[PDB]
Structure formats: C-alpha cells, structure tokens
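# Close look at the chain arrangement
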Amino acid sequence: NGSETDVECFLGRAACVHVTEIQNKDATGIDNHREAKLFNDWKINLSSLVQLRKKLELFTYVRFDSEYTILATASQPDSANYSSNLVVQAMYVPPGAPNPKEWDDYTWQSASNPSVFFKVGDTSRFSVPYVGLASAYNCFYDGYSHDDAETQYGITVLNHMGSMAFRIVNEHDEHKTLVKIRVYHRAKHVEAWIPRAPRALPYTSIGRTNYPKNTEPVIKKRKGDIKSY
Amino acid sequence: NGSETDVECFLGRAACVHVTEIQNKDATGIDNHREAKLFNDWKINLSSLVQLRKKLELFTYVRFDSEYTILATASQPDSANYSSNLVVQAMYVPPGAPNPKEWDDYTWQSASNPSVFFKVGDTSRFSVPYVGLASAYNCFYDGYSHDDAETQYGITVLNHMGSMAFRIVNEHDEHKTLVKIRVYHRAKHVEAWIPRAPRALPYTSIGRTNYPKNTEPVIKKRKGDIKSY
Amino acid sequence: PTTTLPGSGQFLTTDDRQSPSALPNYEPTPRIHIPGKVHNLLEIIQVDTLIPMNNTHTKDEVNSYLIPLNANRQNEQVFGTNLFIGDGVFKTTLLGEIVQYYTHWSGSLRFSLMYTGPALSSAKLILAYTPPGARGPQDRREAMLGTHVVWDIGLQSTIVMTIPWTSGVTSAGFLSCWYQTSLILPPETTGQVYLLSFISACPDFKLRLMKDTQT
Amino acid sequence: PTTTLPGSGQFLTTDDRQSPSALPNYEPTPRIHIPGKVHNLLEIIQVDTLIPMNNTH
Amino acid sequence: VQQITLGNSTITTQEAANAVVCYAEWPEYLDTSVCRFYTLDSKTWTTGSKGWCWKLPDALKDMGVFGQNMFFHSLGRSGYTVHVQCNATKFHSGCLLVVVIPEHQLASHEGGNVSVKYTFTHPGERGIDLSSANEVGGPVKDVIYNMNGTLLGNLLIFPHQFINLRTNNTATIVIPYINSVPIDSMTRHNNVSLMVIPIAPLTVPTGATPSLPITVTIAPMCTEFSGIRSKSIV
Amino acid sequence: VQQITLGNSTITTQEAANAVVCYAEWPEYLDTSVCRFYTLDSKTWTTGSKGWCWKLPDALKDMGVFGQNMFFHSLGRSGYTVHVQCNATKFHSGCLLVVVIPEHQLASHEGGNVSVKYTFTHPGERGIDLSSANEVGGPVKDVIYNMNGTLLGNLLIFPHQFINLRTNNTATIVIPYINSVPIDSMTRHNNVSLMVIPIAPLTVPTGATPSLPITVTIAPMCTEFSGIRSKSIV
Amino acid sequence: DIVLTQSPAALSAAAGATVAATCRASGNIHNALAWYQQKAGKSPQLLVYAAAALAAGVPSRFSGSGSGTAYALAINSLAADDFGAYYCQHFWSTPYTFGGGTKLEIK
C-alpha cells in the first residue's frame with residue numbers, strides 16, 4: 001500500500017549525478033589535458049546534486065550499493081566529413097587509488113581500476129558495492145576525521161565513493177569530436193537510519209551545513225492575519 | 001573473509017599486456033610489412049608488463065589458462081571522407097608454429113592457427129589453455145634449456161605462451177586508417193607454487209633477474225636516527 | 001523476443017566471463033604435485049621476514065637489518081618505530097610489499113626480535129608498545145608504565161610479541177625498546193652486539209580493496 | 001534463434017536491472033546495528049512536528 | 001524513584017513515563033565503571049534566552065573518571081541518560097524543547113566553505129550559548145534554523161521531550177550509542193548534541209525574578225573503551 | 001641422534017626440531033643407492049665474510065657414485081638433507097641465515113641482456129664466494145639483493161634456518177624435489193641453491209682467531225634416475 | 001683499546017687530483033668509522049659516517065670505502081674548499097679514539 005514511500009524506492013532511483021564533456025583530438029603540443037578536455041575525472045559526489053542531497057540528508061546514515069549508467073553522445077560542430085565511431089574508457093577509480101593527471105597515464109592501464117570500454121551513442125552500465133569505510137555513509141559528521149588538528153568539521157574520507165575517469169580510447173581524426181558523458185547513479189539496496197529534519201535553506205558548500213547569509217525566509221507569510229483561512 | 005588475497009583473484013585480473021598499432025593501406029610497392037605496420041605479431045609475454053611481472057615473480061611456478069580480450073579502435077588523421085567499417089584478423093599463433101613475415105602470408109589462412117575476425121570498434125574475446133610444456137610456467141629458471149652449450153641462463157622455451165598476430169582483413173581505401181589494438185590478458189584458473197621474495201629493484205631484461213647498475217637504494221632512510229619514531 | 005539492456009557490448013575489464021576456447025581438443029600438460037602451493041596471499045605474509053630498522057645508512061646493506069646495542073648505556077632507547085606497515089621500515093618487508101598492493105589491511109601483527117650477541121652477554125631490554133592515538137615514550141620509565149615486556153637478553157634469546165588488532169589505515173601505534181640494564185659483555189669482548197627484528201601477520205589479518213603500486 | 005524487440009538498447013532510467021559488478025570479490029564493510037532504521041517514509045511523517053501558524057512575520 | 005543513586009552521586013527527580021529512550025533502543029554493550037551522574041553548571045533561562053547546546057561526549061570531557069578515560073583511551077563507546085530539570089513555581093509559564101540530535105553538524109556564520117573551529121565545535125561543559133554573539137570561527141546561532149539550515153519545528157523528528165512548566169519540569173532522554181562505526185574516538189567526534197531550546201518564552205509573574213535555572217544531569221551508561229593500553233604484548 | 005650413519009659415512013650432530021622440511025613436504029619417490037653424506041670443504045667464516053652459495057645438484061657433481069650417476073644418466077630427480085654446522089665456542093657471536101632457494105636465477109653484474117656464464121652458474125663444490133670480486137661473466141655478488149634483485153630480509157619466505165651461535169650451531173634443511181617437471185636433466189639445471197649468509201657479523205673475543213669454519217653436509221635422498229641406459233631394446 | 005693509525009701525515013696535491021687518505025685499526029671496527037674535515041680555526045665537520053655513508057651536506061666528491069680494519073677516504077677531483085686536516089674516529093667500543101691526521105696542501 002505504501003511501496004513508493006520505502007527508502008529503497010524513495011532514495012533508489014536513477015538521477016543524473018554528473019555531466020562532463022571530453023574531446024577527441026591530438027595531444028601534439030597540448031600542455032594541460034584537462035583544459036583541453038582530453039580526459040575528465042570526477043570524484044563521485046552524490047551531494048553535488050542538490051535534489052538528491054536534500055533527499056539523502058533526510059537521514060543521518062545511508063548505506064547503498066551503487067549503480068552507474070553512463071551515456072556518451074558525440075558532437076562535431078566543425079567541418080567533419082564523417083561521424084567517427086568512438087570508444088570511451090569509463091574508468092572507476094576506487095577510494096584510496098590515484099587519479100589520472102594525463103589521458104595517457106599509467107592509471108588508465110592499471111588493472112585494479114575497473115574500466116568500461118563502450119561505444120559513443122551506446123550506454124555503459126556497472127555496479128559498485130558499498131565502498132565506504134564505516135558501516136554506512138555519513139550524511140552529517142559532527143566532528144573531525146583522523147586527526148587532532150583542524151580537519152574542516154565534517155569533511156571526512158569515510159564517505160569516499162570512489163572516482164570516475166573518462167577518456168576516449170580512439171586516436172585523433174583531422175576533426176575534433178566532442179563527447180558529452182552523462183553519468184546516472186542509482187542507489188540500490190538502500191537502507192537508512194536516524195531520520196532528520198528536512199533542509200529549508202539552500203546550500204553553499206559540499207559536506208557542510210552552511211546556509212547563505214541574508215537569505216530569504218522559508219516560512220511564507222499569510223495574505224492576511226492568523227485568523228484568515 | 002580473505003577472498004581478495006587468493007591467487008585466483010590477486011593474479012587473475014585483466015591487465016593490458018600489449019598495445020599495438022596496424023594500418024589499412026595498400027601494399028603496392030611496400031617492401032617491409034612491419035615498418036609499414038601492415039601487420040604486427042607479438043610473442044605473448046606477460047613479463048613485458050612490469051606490474052604483472054612483479055606479481056607473477058612473487059611465485060616460482062604459476063599455471064593458468066589464458067583469456068584474451070582484444071579491443072581494436074580506428075583513427076583517420078588525414079583526409080578521409082568517411083570512417084571505414086574494418087575487420088581485424090587477430091590470429092593466435094600457438095607455441096612451435098611459424099609467425100607471419102608478410103600480411104598476405106600462408107600463415108594467415110593456416111587452419112591450425114586459430115584466428116578471430118571481429119570489427120574495429122567492437123571487441124574480441126577468446127581463451128587459450130595452459131600451453132606450457134612443463135606442469136607450470138617458470139617465472140625463474142636456474143639453468144639452461146635443451147642444451148649443454150650456452151643457453152642464456154633462464155631463457156627457456158618452456159614458458160612460450162604463443163603469439164598473437166594482427167592484420168586488417170579489408171583492402172585499402174584511398175585514405176589510410178590507423179587501427180590501434182589493445183590486448184587484455186586475464187590469467188584464469190591460476191595456481192601458484194613456492195612464494196618468493198618481492199623484487200625491490202627495477203628490471204633491465206625479460207627473463208633475466210638483472211637489475212641496473214648504480215641504481216637507487218630501495219630501503220629508504222629515516223628522517224632521524226634509529227630511535228626516532 | 002529479447003531486449004538488449006544498457007551496458008551491452010561493453011567490456012568491463014573486471015567482469016570475469018567464460019569465453020570460447022581458441023584451442024579446443026588441446027590436452028594441456030598434466031598437473032604434477034609441485035610442493036608449496038599457495039592458495040592465499042594471507043598464507044605467505046604470516047612468514048616472518050627481517051625488518052630494516054637501521055635505516056640510518058644512505059645505501060642498502062646487511063647492516064640496516066642489524067639493530068645495534070651498546071655497552072654502558074642505561075635508560076636510553078635501543079630503537080623506535082611507528083607501525084605504519086606501508087611506509088618506513090616495513091615498506092620493503094614481505095608484509096609491507098603485499099600490504100601496499102591493497103588499500104585496507106586491518107589485522108594483528110607478529111613482531112619478533114632475535115639477540116645475536118654472545119652466549120655470556122646479558123642485558124634487560126624493555127619493549128614498549130604504544131597503541132595508536134597515544135604518544136611514544138620519551139624515557140624508559142614512561143615505557144614501563146605502559147604496555148611492555150622486560151626481556152632479559154641473557155635468558156631468552158628470541159622474543160615474540162603480538163601487536164594488538166589495529167585497523168590502521170599519531171596512528172597505527174608505536175614500538176620502542178629501551179635499556180632497562182646496561183649491556184654486560186663477556187670479558188675482553190667489547191664493541192657492539194646486534195638484534196634482528198622480524199614482522200609478520202597473525203592469522204586474523206585481513207587485506208582488501210586491491211590497488212596498484214606504480215614503479 | 002532470437003529476435004530483438006522494440007525498445008532494445010534503450011535506457012529507461014526507472015527500469016531497475018542487475019548489472020555486472022565493477023568490484024567483484026570486494027568484501028564491503030560489515031553492517032553494524034545502527035539504531036533508528038527507517039524502512040518507510042510513512043514511519044517518519046507520523047512523528048508530529050510544530051506548525052508555523054503565526055506566519056504574520 | 002526520588003533518590004536515584006548512581007555511584008557516589010544521588011539526584012532527586014520525578015518520572016511516570018519521563019524517560020525518552022531514543023528510537024526505542026536501550027543502550028547496551030557490543031555501568032559500574034564511570035556510570036555516575038555528572039551535573040553540569042545550571043544555565044539561567046532568562047526571558048530573552050535563545051537556547052543552549054551541549055555536545056556529547058564533549059560536555060563530559062573534564063568530568064572526573066569519565067573525562068580521564070576519555071583522553072586516556074583513544075576509542076570509546078558510550079550511551080547517555082540526560083536529565084534536564086527546570087525547577088519552577090506554579091506561576092511560571094514557558095516551554096523548553098529538550099532535543100537530542102545525532103551527528104549535529106553545525107553551520108558556520110560566514111557561509112561558503114568556512115568551517116567552524118575546534119574551539120566552538122567542542123565547547124565543553126559551557127556548551128554553546130545560542131543567545132550570544134557570533135564569534136570569528138564559531139557556528140551560526142540562529143535558533144530558527146537549528147544551527148544547520150533545517151527549521152526548528154522539524155526538530156521533533158529527533159528524540160526530544162518538552163518541558164512545559166505548566167505540566168512538568170523534568171525531561172529524561174536515554175541516549176544510546178548512535179554511530180556508523182562500532183567504536184570511535186570520543187575526543188574528535190561528537191555523537192549526539194543535547195539542545196535545550198525555549199519555544200514558548202519564559203513569562204514570570206509581577207514580583208518574580210525574570211530568570212529560571214536549568215540543570216542538565218548527564219549520566220554516561222554502557223560506556224566502553226578500547227582494549228588497547230591494557231592488552232598484553234607478551 | 002649423534003652417530004647418524006648413512007652408507008659408509010657417519011656424522012655427529014645435534015637436533016631437537018632442527019630439520020626444516022621445506023613447505024612441509026617430505027621428499028618421496030614418484031635411498032640405499034647413492035644416499036650417503038657428502039661433506040663439502042669447510043668454508044672459513046671470517047669477520048668480513050659476505051656469504052656462500054652452492055647450487056644443487058651442482059655441488060655434488062664430482063661426489064662419487066652420485067656425481068657418477070649424475071653424468072651417466074641424463075634425467076634425474078633428487079631431494080636433499082643439508083646439514084650446515086658452524087662449530088664454535090660459547091664466546092663467539094654472530095648469526096648465519098642458511099636458506100634454500102628453489103630456482104635461484106642469478107643476476108649478472110653487467111646488467112641488461114648480459115647473462116651469467118656456465119662457469120659461474122655451475123661452480124661445483126667450491127660454490128660462489130659472495131665476498132669476492134665480480135669476474136667477467138659471473139653473477140652479481142651484492143648480498144643485500146640476494147644476487148637476484150630481491151632484498152635480503154625477504155629471503156625468509158624461502159625454507160630457511162638461522163644459526164645463531166648464541167643458541168645453536170647446526171641447521172638442517174630437508175629439501176624435496178621442487179620442479180615443474182617430474183624429472184629433469186641434473187647437469188644443465190639447478191633445482192635449489194643453498195645459501196649461507198652471515199647477517200650478524202662474526203665477533204670473536206680478544207685472544208681468538210677472527211675466523212670460524214662452516215661445514216656443509218649434503219645427503220641426497222630419494223634420488224631417482226631415468227629408466228633408459230638400463231631399459232631393454234629386445 | 002682500538003688504536004687508529006691514519007697514514008700518511010700530510011699530502012701535497014692540486015685542485016683536481018685524487019686524494020686517498022687511509023686509516024687502519026688495531027681491532028676490528030666492523031665499519032663503525034667516521035671521517036672528519038677541519039679547517040684552520042674552524043670546528044670539525046662530519047663527512048663520512050659508517051665508513052661508506054656520506055653525511056648531510058657532503059658533496060659526492062668524497063667517497064668512504066674499506067671494511068674491517070683498513071678504511072680509505074678517496075676524494076675525487078678536489079676543489080678549493082677541500083683543503084684541511086682529516087681525522088678518523090671509530091665509534092665501536094668506548095673509547096672512541098681518533099687517528100693521526102692527514103693535511104692537504106697545494107703543490
């Protein structure tokens with residue numbers, strides 16, 4: 001009767017957590033492989049999406065296996081003569097593993113980073129288990145992580161869900177191809193603890209409960225007095 | 001509780017063992033079919049990858065069935081007018097079989113060399129059993145092979161895993177297409193004997209334990225004395 | 001009537017699938033019994049290997065495995081180390097070469113010392129374990145007021161000490177040794193005698209989330 | 001002998017399917033008993049909360 | 001009942017259903033060591049009070065054998081029994097919301113990536129005076145948004161209890177160990193935060209002093225520590 | 001016990017748990033033919049010794065009936081019982097690591113594709129003096145890297161035994177047949193390599209000679225050879 | 001006691017020649033030797049410890065060698081700053097005796 005209100009169903013639906021854009025071109029004389037968008041890594045951050053952040057932060061703890069669906073679509077806004085048949089490496093960097101700094105790093109061929117090779121226009125799909133270090137993720141952390149010094153009060157590495165890195169395996173053509181990648185995360189086997197108050201005010205930081213200053217009142221005023229229906 | 005530390009799981013994961021690059025063009029007036037990259041053969045050598053070499057040489061003997069996943073991706077860095085639909089012959093040359101010297105040899109149509117015909121952009125996948133001559137592969141060989149003469153001390157043909165040869169079945173277009181092939185080996189049904197010391201020093205040769213001269217000390221110095229924590 | 005799902009035609013490298021054999025009907029070379037079959041990497045890190053605690057040299061040598069002991073030194077410290085087994089003295093051991101293949105270890109350690117000086121020499125060394133979160137001792141008496149063994153070198157030539165279960169990945173604990181008594185050498189046998197320290201894992205040692213060292 | 005149906009290779013975002021695991025053999029951190037487990041959002045709206053009826057500010 | 005003796009401490013109280021066991025889970029091991037009543041300094045609920053916030057185990061960090069074992073041992077695991085008693089006549093009105101918030105991550109009063117300093121996230125027995133001025137590096141003290149951007153009315157989803165001075169004067173909240181790890185460092189991380197918030201303001205009659213004491217008595221129960229520092233090395 | 005007679009040979013020794021059976025596998029067929037004690041030339045462990053390395057079956061290649069049958073028959077299969085005894089007073093200190101390394105492929109001292117010559121990979125009863133100078137075509141003798149690029153401390157994963165002169169003076173290591181083939185040519189391929197490495201240096205008292213003999217006694221056990229050269233042609 | 005005999009006493013060489021100072025002990029130091037450099041009216045500074053390991057702030061021109069009793073201090077391609085008296089000291093058995101000393105002068 002109330003199967004839509006389950007936290008398996010309320011929190012467990014595929015949202016768009018990341019949209020990046022990488023390019024297929026040559027690295028001849030290219031200094032920065034991120035300003036050129038030869039690759040993009042993304043620290044997996046479900047609180048970057050404020051609609052899913054506001055739903056996850058209705059609970060103190062949450063434990064879920066992950067489920068990533070990756071849609072890569074190409075684009076060639078220049079003279080092209082053909083639409084190229086491209087392959088994207090979508091490499092999952094686990095927590096504690098090093099991220100790529102170049103598109104031709106050693107990290108892309110590292111056997112311990114699982115990577116998906118799929119075509120552009122097709123879609124990838126894989127699942128990552130609960131890769132937290134606690135028995136649940138911490139939506140809120142009242143304290144410091146690993147240290148007696150200043151550790152930013154709630155910024156903890158217990159909530160590290162990994163990282164996704166994306167490049168095009170193909171070499172360059174004579175035209176530039178722009179691949180836009182949409183990562184779709186679905187929390188599965190969700191279980192949640194200690195329900196909290198819903199957040200009324202907007203966000204200013206990730207991992208911090210800081211609300212903006214001189215913001216607007218969330219409790220809206222009546223058009224009359226307290227006796228007015 | 002410790003299923004990641006099994007040698008089925010520690011040694012049994014798909015690493016990138018070979019990245020080659022072949023070209024689709026005409027052999028009209030082409031002398032060398034390797035300098036032109038009309039084909040490439042590769043003696044299957046898991047100790048070419050020093051991350052998998054350093055893991056295999058944690059044991060004296062290792063016996064595994066093989067599992068090759070081959071990803072061929074095209075590239076046309078010239079004027080092309082279209083992306084061609086190409087087919088790659090990925091031919092497994094078994095141990096003791098002759099390798100190709102030309103891309104149009106008799107070896108490519110030899111029935112005893114198993115070959116995979118797959119499209120560029122797609123991926124190949126096949127498995128080769130334990131093709132060693134001993135009951136396990138020799139990560140280390142203290143002695144000589146088959147001869148009373150000088151036989152290079154550890155260079156033995158017992159560890160021959162075969163050879164992979166790669167060409168494009170298609171004939172030429174009016175443009176040159178560059179296919180880059182990535183071979184992904186996964187050791188399966190792995191079993192290992194006589195655990196050895198981890199190698200501290202880098203490599204200089206394949207099949208030889210020779211370390212470079214005037215190298216750096218692997219045991220790193222303290223920032224204080226022996227009493228300093 | 002079937003529908004292809006998302007993630008069709010992908011190659012997830014970690015997804016172990018069966019494959020068509022490129023050599024069917026090939027009968028491979030039969031398995032003989034080679035001794036020493038290793039099923040588990042948690043079998044071989046339980047073998048204790050020497051620790052280079054004498055890192056004080058700019059080159060690698062056998063002297064780095066030797067913990068030097070000195071006569072006429074009382075209440076000084078013999079050695080001291082933290083118990084990060086991915087860095088420092090443990091980074092090149094068999095435990096810490098296989099720990100640094102993975103990300104999280106979380107087990108108990110087995111720490112040994114071995115006195116290799118003469119059979120007539122005797123001393124008392126006090127072997128302090130400082131747990132993680134605490135400060136390592138800075139005199140012999142703070143070491144005695146904590147967790148320790150007063151190890152008589154004259155009687156017991158090899159001591160084996162089990163470091164408690166940690167989940168260590170300051171932190172991870174400390175481990176020092178102090179002179180309870182001065183080193184009494186046999187007559188007209190003067191100089192330095194040495195200790196050999198060993199590390200391994202207790203059989204409750206786990207290891208998870210395999211990663212990749214580079215060079 | 002099979003025939004692919006219409007709607008093959010589509011990604012319907014609401015269609016929950018099993019997937020190949022990107023970390024097989026990985027043993028995750030065990031579940032401990034945290035109190036206050038919420039199975040249903042109809043559990044927590046039954047908790048009464050204050051009403052701002054004096055909206056006049 | 002009315003002479004509850006715990007250790008060498010004794011308090012006098014009233015209860016009929018007063019104990020609020022949080023999430024219907026009594027604190028239990030995974031007493032008789034540090035289990036006694038620690039009675040904090042009484043706060044003065046004046047007419048213009050905005051509230052008080054104590055972090056646990058940070059409110060008990062200098063409290064005798066508990067605060068000694070809190071800094072001696074790294075890892076610990078404690079539940080609490082918090083008595084908040086606001087003694088008054090039958091002439092005072094007003095209402096307190098005594099609420100216990102697990103993982104009450106506070107909001108800084110500067111916004112953005114500005115974080116709250118360790119001086120203010122760990123205020124001790126003093127707690128956070130929510131009616132005082134925002135200091136540089138401290139939390140925001142605007143009580144309507146519960147110091148975390150969530151409204152004050154929705155604070156009743158946490159295990160709470162009202163002190164309506166018309167009806168009662170005591171609130172007992174039995175807190176278990178609530179964390180995502182089985183044991184944790186008690187000195188860097190606060191499990192729960194007790195807040196005592198006046199919703200209805202304190203009204204005194206004419207001829208009464210416009211202030212009223214609030215006594216918080218925290219008894220740590222089922223307190224465990226790590227086996228290290230007494231585990232043998234052999 | 002102390003008069004172990006094997007063939008027409010007899011040695012006097014001490015044991016309580018001294019035998020190190022490698023990988024808990026006793027050598028066994030797939031004695032009473034070539035099974036006797038072959039006692040190599042005693043090495044002089046001076047104060048500046050770096051170690052010694054003997055290849056097996058290469059250390060026993062001139063040793064009587066065993067070395068005769070080693071070159072008569074092509075294929076063979078032998079296990080070993082290696083006694084390393086360093087007799088001393090109760091005034092010497094120092095520590096030997098007697099280690100047995102299966103398939104100890106050596107590293108050349110020139111690097112690259114330079115391989116070690118057959119003169120040096122098969123040194124015989126003499127073994128490899130690790131404290132001597134690198135010759136042209138020989139192995140590298142740097143003992144810290146175990147002549148193969150792997151550190152000396154990690155050499156205890158191989159079946160080893162210490163001779164701590166404080167504690168004992170003997171080391172017995174019972175080696176089985178370790179190979180990936182059931183039978184192999186004993187003259188071109190060394191199964192194991194015995195190494196005797198001083199970790200703690202030899203310290204003598206004042207008035208003692210700064211040197212100490214080390215005796216290696218290798219008894220080949222469960223030694224098999226190929227059925228050819230006595231198989232009938234009929 | 002272990003008595004160090006540091007031979008020679010003084011050397012004349014140009015800036016670029018190879019200088020090999022030598023210490024030989026009565027007893028066995030077991031590589032526990034330290035070499036020192038001293039200028040005129042300046043404090044002695046540590047060059048080589050453990051008979052092979054260069055100390056902090058020491059250039060790669062210096063190279064300690066030798067094992068046991070005899071120990072060489074080979075200096076390759078001398079500079080102008082590298083003139084002074086050089087003293088061994090063993091750190092093995094208390095007393096920690098010095099050697100005689102080798103001074104360097106210009107040809």
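Here, the structure is the one placed above.
All residue numbers are counted from 1 along each chain's written sequence and may depart from the entry's numbering; residues that have no coordinates are not represented. To read the labels, note that chains go from A and ligands from 1, taken in the order they are written. Shown here: chains from a larger assembly, with each value referring to the shown part only. Note that the side-chain values use all heavy atoms of the structure and ignore hydrogens as well as water.

Turning next to the overall build of chain A. In terms of helices and strands, chain A carries 2 helices and 11 strands. In chain A, the order of α-helices and β-strands from amino to carboxyl end is α-β-β-α-β-β-β-β-β-β-β-β-β. Dimensions of chain A along its principal axes, counting C-alpha atoms only, are 70 × 45 × 45 Å. Of all 229 residues assigned to chain A, the portion counted as buried reaches 60%. Sequence-distant contacts in chain A: of pairs separated by 6 or more residues, those separated by 24 or more amount to 77%. Using the Shrake-Rupley algorithm and a 1.4 Å probe, accessible areas are obtained, with residue cover drawn only from the displayed protein chains. Total accessible area on chain A stands at roughly 9,200 Å², and carbon and sulfur atoms take up 49% of it. The convention is simple: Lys and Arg are positive, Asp and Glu are negative, and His and the chain ends are not counted. To locate a charge, the coordinates of NZ of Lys, CZ of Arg, CG of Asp or CD of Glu are taken. Between the mean site of the 27 positive side-chain charges and the mean site of the 26 negative ones, chain A shows a separation of 11 Å. The helix count covers DSSP runs of H or I at least four residues long, the strand count covers runs of E at least two residues long, and both are numbered beginning at the N terminus. Relative accessibility under 20% of the residue-type maximum defines a buried residue, over 50% an exposed one, and the middle range a partly exposed one, all with a 1.4 Å probe and only protein chains included. When checking whether two residues touch, look at their non-hydrogen atoms; a contact exists if any pair is within 4.5 Å.

A separate point is the pairing of strand β11 (residues 174–179) of chain C. On any regular strand, side chains alternate: one points to one face of the sheet, the next to the other face. All names here are of chain C. Buried residues dominate β11, accounting for 6 of its 6 residues. Burial along β11 is two-sided: the residues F174, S176 and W178 and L175, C177 and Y179 are all buried. In this sheet, β11 lies alongside strand β5 (residues 77–82) in antiparallel orientation, the contact comprising 5 bridges. Along β11, the bridge assignment pairs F79 with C177. Paired strands are those between which DSSP finds at least two bridges. Here strand β8 (residues 124–130) pairs with β11 via 6 bridges, running antiparallel. When the sheet's bridge partners are listed, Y129 is paired in β11 with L175.

Before going further, it helps to spend a moment on the sheet that holds strand β10 (residues 177–185) of chain A. Residues and elements named next belong to chain A. An order of β1-β10-β4-β7 is seen for the 4 strands of this open sheet, with the pairing classed as antiparallel. Whereas interior strands pair on both sides, the edge strands pair on one side only; in this sheet they are β1 (15–24) and β7 (123–126). The average undirected angle you get between the axes of adjacent strands in this sheet is 20 degrees. Relative to β10, β1 runs antiparallel, the two being bridged by 9 bridges. Its bridge partner being in β10, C16 is matched across the sheet by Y184. Note on definitions: angles span 0 to 180 degrees between N-to-C directions of axes, and those axes are lines fitted to C-alpha atoms, for helices only across the stretch in contact.

At the junction of the two partners, chain A supplies 39 residues and chain E supplies 41 residues. For the pair chain A and chain E, the summed buried surface comes to about 3,400 Å²; carbon and sulfur atoms form 53% of the total. It is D142, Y153 and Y211 of chain A that lose the most area in chain A upon contact with chain E, and together they represent 20% of the buried surface on that side. Any carboxyl oxygen of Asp or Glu that lies within 4 Å of a side-chain nitrogen of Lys or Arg is treated as forming a salt bridge with it. Here chain A is connected to chain E by 1 salt bridge. Between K55 of chain E and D142 of chain A there is a salt bridge whose closest N-O contact spans 3.1 Å. Pairs of N or O atoms within 3.5 Å make up the polar contacts considered here, provided that, within protein, one atom can donate a hydrogen while the other can accept it, and that residues adjacent in sequence are counted only when both atoms are side-chain atoms. Seen at the junction of chain A and chain E, the total is 28 residue pairs in polar contact. A breakdown of the residues in the side of chain A that touches chain E according to their chemical character gives 18 nonpolar, 12 polar and 9 charged. The term buried area means the drop in 1.4 Å probe accessible area that two parts suffer when joined, counted for both and summed. In this count, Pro and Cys sit with the nonpolar residues alongside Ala, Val, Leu, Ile, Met, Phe, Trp and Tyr, while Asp, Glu, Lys and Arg are called charged and the others, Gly among them, polar.

Let us look at the pattern of salt bridges. Evaluation of the coordinates by the stated rule reveals 28 salt bridges over all chains. Linking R53 of chain A and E57 of chain A is a salt bridge whose minimum nitrogen-to-oxygen distance equals 3.1 Å. According to the relative accessible area criterion, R53 of chain A is buried, its value standing at 2%. Owing to a relative accessible area of 11%, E57 of chain A belongs among the buried residues under this scheme. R31 of chain C is paired through a salt bridge with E191 of chain B; the nearest N and O atoms lie 2.6 Å apart. Separated into two different chains, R31 of chain C in the loop between β1 (11–12) and β2 (37–38) and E191 of chain B in strand β11 (residues 188–195) make up a pair that spans both. Judged by relative accessible area, which is 54%, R31 of chain C ranks as exposed. Through salt bridges with shared partners, a single ionic network connects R63 and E191 of chain A together with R31 and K37 of chain D.

Moving on, we come to the state of the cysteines. Note that a disulfide, as used here, is simply two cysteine sulfur atoms within 2.5 Å. Under the defined criterion, the tally for this structure stands at 1 disulfide over all chains. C139 of chain A takes part in no disulfide bond, and the closest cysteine sulfur to it belongs to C9 of chain A, at a distance of 18 Å.

Below, the discussion takes up the nonpolar core. The definition of a nonpolar core used throughout is a set of buried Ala, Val, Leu, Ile, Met, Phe, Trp, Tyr and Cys residues joined through side-chain atoms within 4.5 Å. Judged by nonpolar contacts, the single largest core of 169 residues is most densely connected at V179 of chain B together with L69, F79, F111, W151, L196 and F205 of chain C. With 7 residues, strand β12 (residues 192–201) of chain C is the single largest residue contributor to this core. In this structure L196 of chain C touches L50, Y65, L66, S112, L113, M114 and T116 of chain C together with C95, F162, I199 and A200 of chain F, once residues within four positions along its chain are discounted. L58 of chain A, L209 of chain C together with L106 and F158 of chain E belong to the second-largest nonpolar core, a separate cluster that totals 73 residues.

On to the interface of chain B and chain C, then. Tallying the contact residues gives 54 residues for chain B and 68 residues for chain C. With both chains or domains summed, chain B and chain C bury close to 5,300 Å², and 58% of this area falls on carbon and sulfur atoms. Per-residue buried area on chain B facing chain C is highest for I219, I226 and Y229 of chain B; these three make up 16% of the total on that side. As a salt-bridge pair, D16 of chain C and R186 of chain B come within 3.7 Å of each other at their nearest N and O atoms. On the surface where chain B and chain C come into contact, there are 35 residue pairs in polar contact.

Between all 14 pairs of chains that are in contact, chains B and C come out with the most contacts. In this structure chain E stays clear of chain F, and the shortest span between their C-alpha atoms is 21 Å. Contact between chain E and chain G is absent, and the minimum C-alpha spacing across the pair is 32 Å.

So, about unusual backbone geometry. Residue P57 of chain E follows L56 of chain E across a cis peptide bond; omega there is 5 degrees. Mapping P57 of chain E onto the fold places it in the loop between β6 (52–56) and α1 (64–72). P95 of chain G follows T94 of chain G through a cis peptide bond whose omega is 5 degrees. Position of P95 of chain G among the secondary structure elements: in the loop between β9 (85–90) and β10 (102–105). The phi dihedral of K37 of chain B falls on the positive side, at around 55 degrees, and the residue is not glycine. Here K37 of chain B shows up in the loop between β1 (15–24) and β2 (39–43). Positive phi, normally seen in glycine, also occurs at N72 of chain C, with a value near 55 degrees.

Here we take up α1 of chain E. All names here are of chain E. Turning to α1, its buried residues are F66, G67, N69 and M70. Taken down its axis, α1 places every buried residue within 165 degrees of arc, on the same side. Tucked into the core, α1 has its buried residues touching β4 (38–39), β7 (75–85) and β14 (211–225). In this description, the arc belongs to the directions extending from the helix axis to the C-beta atoms.

Structural measurements only, silent on function.
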